[PDB]
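Trainee: just need the structure, nothing else, for what follows:
(chains A and B, ligands or ions: 4)
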There are 2 protein chains.
Amino acid sequence: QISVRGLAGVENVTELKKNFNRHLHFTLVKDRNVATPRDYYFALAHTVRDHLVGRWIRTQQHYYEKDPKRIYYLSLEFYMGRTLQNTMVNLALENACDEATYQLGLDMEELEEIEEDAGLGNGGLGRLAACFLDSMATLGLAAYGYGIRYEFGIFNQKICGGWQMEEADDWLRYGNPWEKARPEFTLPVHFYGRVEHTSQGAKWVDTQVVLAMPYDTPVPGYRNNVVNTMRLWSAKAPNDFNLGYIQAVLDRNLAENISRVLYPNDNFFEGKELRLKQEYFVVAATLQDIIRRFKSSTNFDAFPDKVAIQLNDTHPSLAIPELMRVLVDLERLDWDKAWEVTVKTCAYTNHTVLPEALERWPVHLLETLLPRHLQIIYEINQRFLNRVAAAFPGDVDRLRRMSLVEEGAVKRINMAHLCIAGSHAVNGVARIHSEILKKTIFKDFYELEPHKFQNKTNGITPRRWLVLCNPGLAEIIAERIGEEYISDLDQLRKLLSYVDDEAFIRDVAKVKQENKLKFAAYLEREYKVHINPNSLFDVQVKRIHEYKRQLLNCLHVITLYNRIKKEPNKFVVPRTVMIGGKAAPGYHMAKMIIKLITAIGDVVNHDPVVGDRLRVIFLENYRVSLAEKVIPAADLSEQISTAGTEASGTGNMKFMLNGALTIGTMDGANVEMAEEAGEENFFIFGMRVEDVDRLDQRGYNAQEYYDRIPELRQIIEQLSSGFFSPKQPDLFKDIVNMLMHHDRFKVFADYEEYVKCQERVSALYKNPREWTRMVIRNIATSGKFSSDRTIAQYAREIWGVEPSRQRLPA
Amino acid sequence: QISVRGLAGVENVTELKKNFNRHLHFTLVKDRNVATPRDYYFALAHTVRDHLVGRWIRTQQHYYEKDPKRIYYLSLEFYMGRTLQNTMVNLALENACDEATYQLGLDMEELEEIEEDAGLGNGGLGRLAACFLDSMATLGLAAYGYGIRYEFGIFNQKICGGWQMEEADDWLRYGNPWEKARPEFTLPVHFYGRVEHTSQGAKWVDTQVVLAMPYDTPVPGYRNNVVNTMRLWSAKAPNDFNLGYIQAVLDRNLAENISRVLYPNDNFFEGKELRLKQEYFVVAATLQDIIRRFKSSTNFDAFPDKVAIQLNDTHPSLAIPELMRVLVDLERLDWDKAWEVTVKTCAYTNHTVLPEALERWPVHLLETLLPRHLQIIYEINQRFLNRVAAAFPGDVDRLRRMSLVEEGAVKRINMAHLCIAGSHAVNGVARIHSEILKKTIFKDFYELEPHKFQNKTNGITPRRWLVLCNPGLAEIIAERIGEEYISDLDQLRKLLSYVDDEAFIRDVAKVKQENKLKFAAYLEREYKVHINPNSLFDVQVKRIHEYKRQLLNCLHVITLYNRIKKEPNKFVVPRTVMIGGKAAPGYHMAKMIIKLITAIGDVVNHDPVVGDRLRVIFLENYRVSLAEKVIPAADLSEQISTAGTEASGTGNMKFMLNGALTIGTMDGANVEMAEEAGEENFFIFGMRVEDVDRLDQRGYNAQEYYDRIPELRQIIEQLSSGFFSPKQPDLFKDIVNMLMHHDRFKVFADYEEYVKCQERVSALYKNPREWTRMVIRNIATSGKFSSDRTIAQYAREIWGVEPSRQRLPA
Ligand SMILES: OC[C@H]1O[C@@H](NC(=S)N/N=C/c2ccncc2)[C@H](O)[C@@H](O)[C@@H]1O
Ligand SMILES: OC[C@H]1O[C@@H](NC(=S)N/N=C/c2ccncc2)[C@H](O)[C@@H](O)[C@@H]1O
Ligand SMILES: OC[C@H]1O[C@@H](NC(=S)N/N=C/c2ccncc2)[C@H](O)[C@@H](O)[C@@H]1O
Ligand SMILES: OC[C@H]1O[C@@H](NC(=S)N/N=C/c2ccncc2)[C@H](O)[C@@H](O)[C@@H]1O
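Mentor: Residues are numbered from 1 along each chain as shown, chains lettered A, B, ... in the order given. Ligands and ions are numbered 1, 2, ... in the order given. Right below this line is the structure:
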């Protein structure tokens, strides 16, 4: 049907159809009389997956023969979403499969909906890892993602009585066709035990062993015939484990619990032993695998020439002392040489400056679980502090600030300090964030080793986040400028010369309307909710956090409702306000915020005077597959974190690419987005970082805003008095108390500017032609935010390798 | 190479080779450069399994269209062993696959050794279920085996320092190619809760739910194109289970523990709640599946015409009250009608008379776990006892003996009594066993309802137990009498006319020698032990139990050693004495017996004077795949249980079919074997059942034998004084104490006759020609012991269906 989806050749369609039938029969053991819709999905998945294998084998063969430098991306999170459509897109099979299934009397889109998301991440950090894998394959890098194969990913969110309920994401229940178990590479991981010192070095003895069994998932590049590997480890008890008899077998569960479940905390540290075990498990198994591959090329001097390890935050920080442990204790290298190798091998990416998110592990935990690593960390700290003392003689406070060991009630290890000390490169994820790292939390480190500190602004893959989710937009762009932009997103600049093109303006607006109609229809079918598709789609989707300020959005919504109630017969631009995202199960305030949103909806959506002029909808179970649907449908992207709190954001980039305008603070990558698009084409409001700093010096007094803004006082009075909870008058007292007395994120301080800015959004939307022209100016300048750009910068500036867009032979 | 292994057609070999390569590539994601031996096994398994699918789909289609009466074989054990060779045999693919793999440069036998046994059983009862499935498919019956998919089967046995060690049988670790998950037939199973009585019947409420997910395994008939199903249930937690957050996810393990592990007790009852849960789990899921299939044919009068349920011992006895529960509480049938349906549907097979093996569940357990079933059991008991009272007025002791409820310290439910009451047929598993049931333990029941009591003598499948494991023997037989005997084993009688045939005598002896050489070579390679292949192979393989009297075998072994030591320069017929089998982990005496065997070996095998005249070897990890190797190699089959204790035996039949002579008591099926072969062609010794009864009346005094048999006194003195355990003089004191003072199985009473009989065995072995002629007379009369005969009798006399040897079209 549409060009960017590829060719539907006669031979190809015929072959797909027969391979589909072969799989239905031989693989699924069904015929068309008894086959379930799930059977059809699996038949199709198997048919598509067959097309990966030749390329996958030859890619890995090629790496073995050419021996390039290998890149190892270590993450506890890979937020992959669904795989079927992505594989079809990257192999140019989409149109052919659509045709093949159509001829078999099946709707491919319906089949696609059957696939579970691989929800192995919480949000931004995990999705970033996934976009990165796509870009690394597309750029022909010899890259491997390494992580954990969680049996349960991020929980499925159900809303019951306006409250978040969690249920287990049993994503492997029907079997995962996109993985291959690799039992021959099963490896032992050690825990507990004790350290003996012999005549010939330290030895780690009396350990408990858990096996790490790898599962490989293919990562196809975009039409370049490259298929890289994501290798995820699963925990397995050894067979003699605990070996009355029955109990010993049942107790195997204890060891295998390591890979059971993803910790559902977004930007928050929880010092639990099981989490520490997960972090070591991935690191120990991965490093053995890396070393094995390196030896199958004795001389560890060449190790950094053949290996780069990228640490996705501090979660895999134990890679540093683990590498030292293997090099010193097992390979018998001297400390200084091992350390040189380690530093040149490792690089560290920081993802937040929020203090509660930073990993600070109690010493007593590491002492019991990882005694040799603790000793190695102490030694690293001593040698590091000796360097600081020599550089800054007599500066005793600097020594305590820079220490890897934090003193206090319980001694803790600061993992971020460990990462900086043991990495040749430290990067933030947007320009303002990287500057904040140098100026504030890592200032001491920057002064010691300025050359270590870099910026690498985040990006998103235009395959998933344009071609896959928004084929209509991809097509109208390709019609004017060709297909090359899909792997060279900077080419979107060419669209600037179409900003006054009446045909293009109409097509851009038409694609948006179609997307909105489709999404409005999705909402009725799967959720029985009614929305006006001619309204402005105002969306904020992202994890629920105080710093992300869904509450400020709530305040605006109530403002609009109150204004309508006061002047019912005045025209207002109709809006559908959509808010979605999961709250960490233990985060009370975030759970209260969800209840508030639904409570507002309950009042607003049933007020006869309001009509279809204002609707508030909570988008349940926000996840990658839902983002692919809602983002193409959005008109207005809410990116409203307090300045200095959102390191980068990536949801912001997704909306920009898909034709929504942005209302946002100058925070994270919003700054660079406004810079690329021009500030005239962005709805910027609120305090800058400098303004927040000024307010902190004076002391933030929320009462002042309450006293001076009548519209704000009304809202607080409504919340307090039970207007939004008639049968539980004090339900939202915690929210009011927080806003009035202990608001770290200064919700009231940005309220007036936000409401004014929102008025300017409504004004522009009234002029569809000018709305669309500004949209074109956003899409046209979204090129910088391709993860291909980001990865090219990591490659050249950190890993020391050159990207290549050249095809491997098919 | 050999005829019974089938044709290796040009087209077939070519096609197998290309399908093997296709699977290696697409399924296993390997090429020949990196493929592991395990990869090759899997490629072959997939290639063979592809040949099942068409037949499997059309068999099940045929049942749906023809709607025959369906047979449901319920067992907690299906001891399947390996599947690859069995599938090749039954599809006539063995020679073709051998040729195809040979041309690919691979040895198929080596590949076969990679497959894990499906060890989902303990011994005889579980293997019987497996032989039965093979025979039911071969006889074209619409039969389904239903059981539990244990994650861990029978433990792997390791011998360390002469002691049994257990390790987890993680048989699914690499994935099972012989199963297909059927998620669409996932069913809820209920536990705990309470009973409410409403205006319209009882209701079982507030229950905990565990899901039962089925996995289907194909059961191919022998060259008849029939493929039946074995459906095994796996336990899955529902997704809202226990739904701080992390713990709730980890706690899902509790529900899923139901299908985690097989209880490793052979002929012994352990009243553990987890075991009770397993028993209900299989019954509840299976009955829902049966009822679903029956409705997809309201009128439950026709239920027994379309359904037979065979209970493999009392393990699935809860089928009776569960069927009543569904019929009365859910379908709203009156009690009397439901009961009529239940009795006509169910039949019960008893497998032992040993009192410690009988299931007697504490009332308090059933009260908590299954409150509605307990109430139903009470009601069954009341109505049953009312029938007994009417038949035998005033016989108050009969009422207490026949009650389903046993009084005492803890009240218990006798599950065997439940089974008799609720079944239209009760059978024992050999003629003497069935007679013992009528005369002793079920005498009261037999007097009430004599028509219920039947015999069905056990059998073994001649596919696995001749063609598969002993192709050389199968071939020399087929050369004289054709191939028809493989599914009509009575045809073996024709071999009687070859008993004086010099060519056949030589061929029978040659096949045995070859088997012995192969087994002697297996022992060196995989265990580094040296044996004389010209010695008589004296083997006792079966689970370790006091009743099976491995100890009596030990006494003979020591007797032979002592006799050699006394007269070193006297000729004796050389023997290799092989004993193997697992002990239940909690059975102390059985574990001591294993240690004794190895301790004897340690003395005997290292005595220079003995030479290669006597060797004692403990066969480690005895299991189905090991039986397939050792049984063909045996000369002498030890079947030496105390008369009246081994219900049937099936190992005995396996040895008879494979050309070993039997030394045995008149116990179980040994009686019928001697009857078929003629007593002159069997080495019978020892007390008959009547003699044991006489001894019990007088009181068994072991001391009398010790006092009157000098050779026996010497052995006991050696055991006591530490001759077989120099550094732990009293190691075997428990064994001596048991033999002298509390021997339930009268080891000493059969000692003299056993040793004498063994002398007659040695005498015959000295005359190879006469040894072989007696062997021919055993093989020739082994036909009755085909499980095809057994199943034909169940079909005609219990299930009310006719077997058919007719092919389905291919
Ligand atoms: O079918 C479900 C099972 O599939 C298996 N995959 C096998 S046999 N081949 N895959 C090959 C493959 C080829 C190309 N891209 C991905 C995988 C997985 O090992 C197993 O964990 C999973 O449960
Ligand atoms: O860079 C990708 C995205 O990462 C997000 N971080 C997330 S999801 N978790 N971090 C968790 C964390 C845990 C422990 N120590 C530091 C951070 C950032 O908040 C976002 O601005 C950014 O766009
Ligand atoms: O490969 C390992 C996996 O195989 C799967 N089998 C599938 S996809 N088809 N089988 C078809 C089949 C055809 C004929 N005879 C048996 C099975 C099983 O469902 C899964 O439990 C197992 O882990
Ligand atoms: O019939 C097949 C074989 O079954 C065996 N029984 C075994 S393995 N377990 N029974 C366990 C059991 C448990 C509970 N209540 C009764 C028996 C018999 O011992 C054997 O003679 C016979 O050949």
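Trainee: mind checking the SS state of residue A:230?
Mentor: strand (DSSP: H, G, I helix; E, B strand; the rest coil).
Trainee: for it, list the residues it contacts.
Mentor: A:78, A:80, A:133, A:144, A:145, A:146, A:147, A:216, A:217, A:218, A:219 (CB atoms under 8 Å, 6 or more residues apart in numbering or on different chains). The way it works is simple: take the backbone N, C-alpha and C, and place the C-beta from them, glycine included.
Trainee: and it, how far from residue A:792?
Mentor: Counting by CB to CB, to the nearest Å, the gap from residue A:230 to residue A:792 is 20 Å.
Trainee: quick check: residues of chain A near ligand 2?
Mentor: Within reach of ligand 2 by CB under 6 Å from any ligand atom, chain A has these residues: A:122-125, A:128, A:266-267, A:269, A:313-314, A:351-352, A:357-359, A:429, A:458, A:646-650, A:668.
Trainee: just give the nearest non-adjacent residue to the closest residue to ligand 1 within the stretch 551-700 of chain A, would you?
Mentor: Nearest residue of the stretch 551-700 of chain A to ligand 1, counting by CB to the nearest ligand atom: residue A:624, 19.1 Å away. Distances taken as CB to CB, 6 or more residues apart in numbering or on different chains place residue A:81 nearest to residue A:624, at 2.9 Å, with adjacent residues excluded.
Trainee: how many residues are close by the one you found?
Mentor: 23 (other CB atoms under 10 Å in any protein chain shown).
Trainee: quickly list what it is bridged to.
Mentor: Beta-bridge pairing of residue A:81 under DSSP bridges involves residue A:118.
Trainee: how is chain A partitioned into domains?
Mentor: Per the record, chain A has its domains at A:1-459+A:787-810, A:460-786, by curated CATH domains.
Trainee: what's the closest of those to ligand 4?
Mentor: The closest of these to ligand 4 is domain A:1-459+A:787-810. By CB to the nearest ligand atom, the value is 16.6 Å.
Trainee: tell me which residues of the longest helix anywhere in chain A are tucked away?
Mentor: Looking across chain A with DSSP state H, the single longest helix is helix A:37-66. Buried residues in helix A:37-66, defined by neighbour count with 16 or more other CB atoms under 10 Å in any protein chain shown: A:39-60, A:63.
Trainee: what residues does chain A have near ligand 3?
Mentor: A:27, A:29.
Trainee: now the contacts of residue A:230 as a markdown table including neighbour count, distance to residue B:723 and secondary structure?
Mentor: Output for the contacts of residue A:230, formatted as a markdown table (neighbours: other CB atoms under 10 Å in any protein chain shown; distance: CB to CB, whole Å; DSSP: H, G, I helix; E, B strand; the rest coil):
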| residue | neighbour count | distance to residue B:723 | secondary structure |
| --- | --- | --- | --- |
| A:78 | 29 | 65 | strand |
| A:80 | 26 | 68 | strand |
| A:133 | 27 | 69 | helix |
| A:144 | 23 | 63 | strand |
| A:145 | 26 | 65 | strand |
| A:146 | 24 | 60 | strand |
| A:147 | 25 | 61 | strand |
| A:216 | 19 | 58 | strand |
| A:217 | 20 | 63 | strand |
| A:218 | 22 | 65 | strand |
| A:219 | 29 | 68 | strand |
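Trainee: who's sitting farthest from the centroid in chain A?
Mentor: residue A:199 (48.0 Å; CA atoms, centre = their mean).
Trainee: and that residue, backbone torsions?
Mentor: The phi/psi pair for residue A:199 (degrees, to the nearest 10) reads phi -60, psi -30.
Trainee: and residue A:414, by the same measure?
Mentor: Dihedral pair for residue A:414: phi -80, psi 110, per degrees, to the nearest 10.
Trainee: also residue A:430?
Mentor: Taking degrees, to the nearest 10, you get phi -160, psi 160 for the backbone angles of residue A:430.
Trainee: roughly how far apart are it and chain B?
Mentor: According to CB to the nearest CB, to the nearest Å, residue A:430 stands 31 Å off from chain B.
Trainee: distance between the helix or strand where residue A:616 lies and the chain's centre?
Mentor: Per DSSP states H and E: residue A:616 is located in strand A:614-619. The chain centroid and the centroid of strand A:614-619 are separated by 24 Å under CA atoms, centre = their mean, to the nearest Å.
Trainee: could you point out which element follows it?
Mentor: Using DSSP H and E, the first helix or strand after strand A:614-619 is helix A:624-633.
Trainee: packing partners of that next one?
Mentor: strand A:78-81, helix A:502-527, strand A:536-541, strand A:575-580, helix A:651-657 (3 or more CB pairs under 8 Å, 6 or more residues apart in numbering or on different chains; DSSP states H and E).
Trainee: strands along the stretch 201-350 of chain A, start to end?
Mentor: A:201-205, A:208-220, A:227-236, A:307-312, A:346-349 (DSSP state E, counting those that start in this stretch).
Trainee: rewinding a little: CA-only coordinates of the strand holding residue A:616 in PDB, if you can.
Mentor: This file holds the C-alpha atoms of strand A:614-619, laid out as PDB (Å, rounded to 0.1, in the frame of the first residue of the first chain):
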ATOM      1  CA  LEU A 614     -12.900  19.300  28.200                       C
ATOM      2  CA  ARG A 615     -12.100  15.700  28.800                       C
ATOM      3  CA  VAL A 616      -9.600  14.200  31.200                       C
ATOM      4  CA  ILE A 617      -8.400  10.600  30.600                       C
ATOM      5  CA  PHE A 618      -5.900   8.600  32.500                       C
ATOM      6  CA  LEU A 619      -4.100   6.300  30.000                       C
END
